[PDB]
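Take a look at this one chain, the form deposited in one PDB entry, written out in structure tokens.
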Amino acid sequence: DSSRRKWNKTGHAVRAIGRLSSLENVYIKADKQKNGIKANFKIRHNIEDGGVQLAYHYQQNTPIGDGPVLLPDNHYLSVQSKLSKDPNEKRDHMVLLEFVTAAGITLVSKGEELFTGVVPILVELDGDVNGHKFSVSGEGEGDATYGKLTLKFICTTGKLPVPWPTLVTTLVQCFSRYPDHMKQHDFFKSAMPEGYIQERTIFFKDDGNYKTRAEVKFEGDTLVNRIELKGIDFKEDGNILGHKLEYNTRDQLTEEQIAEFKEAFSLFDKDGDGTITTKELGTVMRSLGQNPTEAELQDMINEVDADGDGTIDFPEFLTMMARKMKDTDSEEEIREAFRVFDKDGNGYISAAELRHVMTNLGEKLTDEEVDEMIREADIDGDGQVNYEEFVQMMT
């Protein structure tokens, strides 16, 4: 028992270090003598059937141009990535969706202005890993308002000789969302349009290393990332050349699921600036009839406020919504949602109640559209939605 107590106590401490050190954030610092920045970070690539392959990243960025750029105070980028496949694509490929935000500093230039909308992206990579030459082309778009990248990459030489996850960091940090109060620390956009050179060494623990040099710049209205990669000293049946790295998980939100959350987000972010402020959150809650104090509104946002900017951005909203609930918690959540829709609390959402809720949220739907929502949910043909019918629409 005392021995058991000792294993538990020290087990907890060791697992606590594991939980704390689970982050894979990109730490950025100025490099004033090169008029640019350096970064360091550690990617943890899951190995098939358990374990992690560590990839230690050392990064340097220097502007192509001769002029002023923003040299930042220390801060970091936080990345959410989702890798998937196109079922209609026969070539070796990767579909990638990424959300990237800056943080670590507590509470419009010509470079900034280039990123205020959706920007087309081209990526070209020529690689040579242990003598295996290969090429990758990618295209898609970046929307820095939401820190969002959506891209599809093809191996144009045939089968990719390394796992796709090992190339993600190499294959445009100018698309990261920097909150307003960190705008003076955004080196990446400040170097645009002439662009920057991004170089890395990536050391795969107990295995080989990649050395990468990329030119990141606008060519016309397209942001282009042109990359040369060299890998050396890889083990022929290590995790990289032996393709023993997990591609993704079954347990990840779909691109279209994320898209539905983006539509929900826009109901709060009515000015489309990519943030929900206390004013905006209160506006919606007040329209639904609730009355939060400024203190409650500040605290509610603070709870999910990863970067401490006092607002909810889309990646923060996604984190909150992506969180899976205990099935008993989920039930109570749906029960509470029903209560919001059933305004008079009589156990039935009427068509009139549903029209009002749509109006209060800021949805614009015709009465006919609302009737179609009623028809979709109604099982017993009374033209109203009871609790169990509502559960089917929330499930």
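In this text, rigid core is short for the largest set of C-alphas that superpose within 1.5 Å between two forms. In case it trips you up, residue 1 is the first one in the sequence shown, and so on.
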Find out whether the coordinates of residue 105 are absent in at least a third of the other compared PDB entries of the same protein. no
Residue 107 to residue 108: deposited residues not modelled, binned count -> 10 or more
Gap between residue 171 and residue 172, counted in deposited residues with no coordinates, falls in the class 1 to 3
Mean B factor on CA atoms, stretches 274 to 282 and 92 to 100, record says higher is 274 to 282
Comparing 290 to 298 with 185 to 193, the higher average Cα temperature factor in the PDB entry belongs to 290 to 298
From the entry's CA B-factor values, the highest among 139, 126, 73, 112 is 112
Reading the B-factor column for Cα atoms of 366, 53, 33, 61, the highest value belongs to 33
Of the three thirds of the chain ranked by Cα temperature factor, residue 307 occupies the middle
In terms of its chain's C-alpha B-factors, the third that includes residue 46 is the middle
Chain-relative C-alpha B factor for residue 358 (record values, thirds): the middle
So, residue 209's CA B-factor, relative to its chain, sits in which third? The lowest
Sorting the chain's modelled residues by C-alpha B-factor and splitting them into thirds places residue 200 in the lowest
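The form deposited in another entry is left out here; the points below concern that form.
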Only one of 354, 26, 70, 43 passes the 2 Å C-alpha shift threshold between the shown form and the other one with the rigid core fixed, namely 354
Given a core-based superposition, decide whether the C-alpha of residue 131 shifts by 2 Å or more between the shown form and the other one. no
Quick check on residue 12: with the core superposed, does its CA move 2 angstroms or more between the shown form and the other one? no
C-alpha of residue 296 moved at least 2 Å between the shown form and the other one on rigid core: yes
